[PDB]
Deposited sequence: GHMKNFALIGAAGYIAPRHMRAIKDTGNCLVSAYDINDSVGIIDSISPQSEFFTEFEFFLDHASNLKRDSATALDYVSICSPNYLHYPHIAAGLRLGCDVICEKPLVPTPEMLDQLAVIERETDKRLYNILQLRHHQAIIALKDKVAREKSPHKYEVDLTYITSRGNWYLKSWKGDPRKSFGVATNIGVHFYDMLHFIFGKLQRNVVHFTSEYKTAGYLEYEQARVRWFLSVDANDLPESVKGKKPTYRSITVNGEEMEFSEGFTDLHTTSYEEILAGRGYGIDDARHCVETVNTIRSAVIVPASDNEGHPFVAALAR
């Protein structure tokens, strides 16, 4: 019963948003991507408009406004990280609430600036933090309600990844922000507010550091280099995900959309800590570990 536009519609994650919109009984009425290979749209929302240039998308969305039945209600955003800010800004200024992929924006300063536009427009920004709706993360949050937290995320990526916008630091904002953000969000959701934040290693392939919460001591390691795979996993799974609490090794998008639509979306105030966390990590100066704070893989 609500009308959505989808920006980034031809990319990897966009079909999950297309599916969420359909599965909550809603309508994708406009889609925009600078690449035109988007035919998957016909299998889900065959009557959607499509645009490859933002000028034409924006004019169409503005014309829809003239009729309360046709007007957009939401703009969903799955574009590259650096474009989230102006896509959100335009979405709010169209008179829409906005649903945006993580990382939401790179800096707390940008959050303050979007909160300005929220107030000017009377509209709201929501962020996909889908791990929070997950039954095991809540349980551990419920359960925790100072733990020994060790986090490894190593996800094999082929040569294409560094040739994509995901490998351009100015478009992606780096490993911590692009690959780690929702894992930092998760650690705050379980183990409260951050008190210390130190970085031991950083490259285009990988990153490693120490985070101290009210309730957790967290050592962390992120990588897109297959060679970081433990001997024990090479040859089998392309991804090694290991989160232990004191030693104990611990769809969602449609759910995320459900919560947003019911008025329980995650907004700027909710996204703020993790944006702060990764922003510090991005600019932080590397320092040799101590106190056994440095991830074992370092």
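**Student:** Give me the ranges of the deposited sequence that have no CA atoms here, in sequence order.
**Tutor:** Missing C-alpha atoms (numbering from 1) occur across the ranges 1 to 2, 148 to 153, 259 to 265, 314 to 318.
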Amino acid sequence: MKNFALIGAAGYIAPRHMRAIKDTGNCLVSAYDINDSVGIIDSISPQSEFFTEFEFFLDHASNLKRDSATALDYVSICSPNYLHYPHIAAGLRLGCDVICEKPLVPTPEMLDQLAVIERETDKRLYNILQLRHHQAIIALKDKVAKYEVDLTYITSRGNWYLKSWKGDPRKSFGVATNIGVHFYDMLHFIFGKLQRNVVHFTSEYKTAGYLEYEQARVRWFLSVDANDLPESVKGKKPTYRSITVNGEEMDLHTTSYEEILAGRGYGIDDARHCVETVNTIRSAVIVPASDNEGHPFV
From here on, numbers count along this sequence of modelled residues.
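**Student:** Averaging only over Cα atoms, indicate whether 281 to 289 or 17 to 25 has the higher B-factor in the PDB entry.
**Tutor:** Going by the record's values, the stretch with the higher mean is 281 to 289.
**Student:** Test of understanding: from the entry's C-alpha B-factors, which stretch has the higher mean, 88 to 96 or 133 to 141?
**Tutor:** Higher mean C-alpha B-factor: 133 to 141.
**Student:** In terms of recorded Cα temperature factor, pick the maximum from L229, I44, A31, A262.
**Tutor:** Max CA B-factor in the entry, restricted to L229, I44, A31, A262: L229.
**Student:** When you compare the CA B-factors of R241, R272, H60, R66 as listed in the entry, which one comes out on top?
**Tutor:** Highest CA B-factor of the listed options: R241.
**Student:** Test of reading the entry: by CA B factor among the chain's modelled residues, which third contains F183?
**Tutor:** Highest third.
**Student:** When the deposited Cα B-factors of this chain's modelled residues are ordered and cut into thirds, is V298 in the lowest, the middle or the highest one?
**Tutor:** For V298, whose C-alpha B-factor we compare with every modelled residue in the chain, the answer is the highest third.
**Student:** What third of its chain's C-alpha B-factors does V38 belong to: lowest, middle or highest?
**Tutor:** Lowest third - that is where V38 ends up once the chain's C-alpha B-factors are sorted.
**Student:** Compare the C-alpha B factor of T255 with those of the other modelled residues in its chain, then answer lowest, middle or highest third.
**Tutor:** Middle third of the chain for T255's C-alpha B-factor.
**Student:** Split into thirds by Cα B-factor across the chain's modelled residues, where does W160 land: lowest, middle or highest?
**Tutor:** As the PDB entry reports it, the C-alpha B-factor of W160 lands in the lowest third of its chain.
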